[PDB]
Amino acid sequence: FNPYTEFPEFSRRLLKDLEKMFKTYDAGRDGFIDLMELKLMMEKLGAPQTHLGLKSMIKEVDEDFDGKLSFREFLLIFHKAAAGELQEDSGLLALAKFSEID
């Protein structure tokens, strides 16, 4: 996985910022953000989600079908947001907008 060829529209600064955010919320430090971690991220960001809402969020970008978020799938969230691909009511969009990244 190469984030520079995969997401060429992301500056180096933005990549690091997102790496910083991913690491912040991977509380267990296993390299993934799972439903429990994502629950705590949405609470902290001011956009708390229901348990099925959080499952729906992950599902949207869970390209390896494992229930949790790899870094690349995390980045994919922000790609979609910046490309106009998230619905206006998506918790993923609340994630991107309330990250105060950018």
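For every residue, the number given is its place in the sequence shown, counted from 1.
Undergrad: May I ask you to compare 51 to 59 and 25 to 33 by their mean CA B factor in the entry and name the higher one?
TA: For C-alpha atoms only, the mean B-factor is higher in 25 to 33.
Undergrad: Taking the chain's C-alpha temperature factors as the reference, tell me which third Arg13 falls into: lowest, middle or highest.
TA: CA B-factor rank for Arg13: highest third.
Undergrad: Taking the chain's C-alpha temperature factors as the reference, tell me which third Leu86 falls into: lowest, middle or highest.
TA: It belongs to the highest third of the chain when residues are ordered by C-alpha B-factor.
Undergrad: Among the modelled residues of its chain, does the C-alpha B-factor of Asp66 lie in the lowest, middle or highest third?
TA: Middle third.
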